[PDB]
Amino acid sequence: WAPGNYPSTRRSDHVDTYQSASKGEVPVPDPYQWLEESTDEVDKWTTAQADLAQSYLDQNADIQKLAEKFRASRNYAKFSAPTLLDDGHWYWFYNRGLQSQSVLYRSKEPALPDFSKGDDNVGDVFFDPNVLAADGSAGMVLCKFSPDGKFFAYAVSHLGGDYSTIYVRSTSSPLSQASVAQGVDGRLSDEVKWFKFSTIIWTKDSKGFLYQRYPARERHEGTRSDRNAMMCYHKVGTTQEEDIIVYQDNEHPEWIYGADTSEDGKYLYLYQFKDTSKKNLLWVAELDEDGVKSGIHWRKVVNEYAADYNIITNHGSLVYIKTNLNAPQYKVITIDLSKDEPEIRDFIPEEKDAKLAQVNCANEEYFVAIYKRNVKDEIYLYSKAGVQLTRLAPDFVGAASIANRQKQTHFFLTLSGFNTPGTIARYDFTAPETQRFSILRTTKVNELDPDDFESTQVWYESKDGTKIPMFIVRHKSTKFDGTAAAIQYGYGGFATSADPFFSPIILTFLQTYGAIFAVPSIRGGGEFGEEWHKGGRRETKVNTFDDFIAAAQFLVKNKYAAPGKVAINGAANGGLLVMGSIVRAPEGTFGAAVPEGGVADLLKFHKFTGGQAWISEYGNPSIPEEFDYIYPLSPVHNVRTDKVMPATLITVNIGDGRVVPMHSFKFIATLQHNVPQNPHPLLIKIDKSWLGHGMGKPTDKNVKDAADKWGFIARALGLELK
């Protein structure tokens, strides 16, 4: 491979004209507009690019060595927290190690298993999603048992599809390799099509469930777009023709919907969302003992877009809600619906400097809360009177989630972090006062010893003076003496927190090469609440990029990493982050760049699939004042001819409907046009398996792709196997 040998890429004469508040009419050539399309010319181009990328990777014998190490690092048994259904049995997911989809197991006995005996010794298969299609073309993307434990609803996607289909089966009818060989599927004839972008919410009478669906579309009808969502109700044992439309809004075709049902059967809740801002409406209906019927009466409790409201529970007409209303770090309020003018009060007040991330009601009257303080989760138990009783797992450092059912006398915590593979803790209210908290299961990994790795948090300063924390992970033999390479990962938007997580592949890379992993908590994320998001959003989105570039500069200046040896990686918004960072940062700031499925055409993102929802994140290119801050940031529109680019390996999936791949296609074509003689390769990989909505790749392909990515980075930074 050598510079200047990129595929022949036609440049059209297409020009789009935008309105700028400061400059008036702005003509913007789009010579690669044709890469938005699906044609034989595009297929020739993608094939040529993918062949070039693979030819380059074929030169690197270390990639196969990394595949071997990475596959081994993933080859350990994995499991979820178990859930106790109303049949008395416990159900949990189990992966033997390298299965592409984990398998839902049910306890042999109606008692909590001793999991030290082994999953197959204490449980039998209930639902194996790998058998949904013999060829692996179908995946289970979401599931939900009914409250009575009698039924299991499950959403299935297929390769090539843009929606999921919900099926229902009795909990007494397993789906396994044995059951398929021995008889018919076992499911009911119910087939609930066109499901997308909501949860499955059973009514507490177990008669049916709420789900969001879209209009049916014939193959050649319409465009690839999801509009005119409907919140619907499906009664078990019926066809979809009988489903009830609970809510839709023809006046606002872009809005989407969610629902919840109170444990006591009294209330149905409707949430409405207009964009990706964390603002929502909240309406409340009273259900009578007959449950959901047509013609529901909504009380419009929250009827303007101003804040995030999510129901926790209710006691009678007193509804407990997690909200950021006048509280950017979140809090719990009560809204008392027995009043005509609801009374609103703080139950758990906002903490100025810790985000309230999750609250669940447990054992009927208690509350379990997770606070994210300095991007590290803390777990607390609260009484019915709102008294903080105790901190649970006080020495845990990482990310935590709660799993429970309110009526039950236990809850679980799932705990993980950079060196914590996955611990499931149990709190049992029936146990003696000092014996209530225990460890149910700890994930045991393969080859790696998590104790060999350390994570710390350091603080650096961005351009504008803001102090930003950053996690640094290392194998403990690695010194911060200005010699290590660094992989710096980010997302940087949508109030998504860049939380600790366990990755055996990353740890294997760190140990193999003596490298460090860096995760800066840049603005645009949610780590410090709404104000942190607002600090990198719309007109302040540039701050996200400044924060990410400053992190890389800090790693080198302060001797965590060697000059030229910071590589960057991110996906979706994180791919935008990577692509904009390499355009904007001083030459030589980065040694390698891997944007995955990234946004890059910030002038047209709102014209494809669900991109209009991101106007709350990026601004609206059609508004002149907003064009003026978008255009200078858009990576496709800011490539220069005079800056050396780091080695770059862009990766996309051809079927991606979240971020259409034209973003990356235009970006790579623009790079290759502007700096064809760049000294470092500028390459793109294009996976041509068209994943259905919500579907993942097979494990073997994920391992192969990880080896290509991390091997590319290692070679670009000059790292050798030692």
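Start at 1 with the first residue shown and count on from there.
A.B. asks: Check the entry's C-alpha temperature factors for 167 to 175 and 283 to 291, then say which stretch has the higher mean.
C.D. replies: Stretch with the greater average CA B-factor: 283 to 291.
A.B. asks: Once you work out the mean C-alpha B-factor for both 382 to 390 and 502 to 510 from the entry, which is higher?
C.D. replies: The stretch with the larger average C-alpha B-factor is 382 to 390.
A.B. asks: Just the C-alpha B-factor column, please: which of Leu671, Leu683, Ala61, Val660 has the biggest number?
C.D. replies: That would be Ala61, according to the entry.
A.B. asks: Quick one: which of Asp86, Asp260, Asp481, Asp377 has the biggest Cα B-factor according to the entry?
C.D. replies: Checking the PDB record, the top C-alpha B-factor among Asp86, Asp260, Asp481, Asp377 is at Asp481.
A.B. asks: Which third of the chain holds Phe418 when residues are ordered by C-alpha B factor: lowest, middle or highest?
C.D. replies: Within its chain, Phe418 is a lowest-third residue by C-alpha B-factor, going by the deposited values.
A.B. asks: Split into thirds by Cα B-factor across the chain's modelled residues, where does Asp547 land: lowest, middle or highest?
C.D. replies: Its C-alpha B-factor belongs to the lowest third of this chain's values.
A.B. asks: Looking at the C-alpha B-factor of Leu66, is it in the lowest, middle or highest third of its chain?
C.D. replies: Within its chain, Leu66 is a middle-third residue by C-alpha B-factor, going by the deposited values.
A.B. asks: Using only modelled residues of the chain, where does the Cα B factor of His637 rank: lowest third, middle third or highest third?
C.D. replies: For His637, the deposited C-alpha B-factor lands in the middle third.
A.B. asks: If you rank the chain by CA B-factor, which third does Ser401 end up in: lowest, middle or highest?
C.D. replies: Lowest third - that is where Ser401 ends up once the chain's C-alpha B-factors are sorted.
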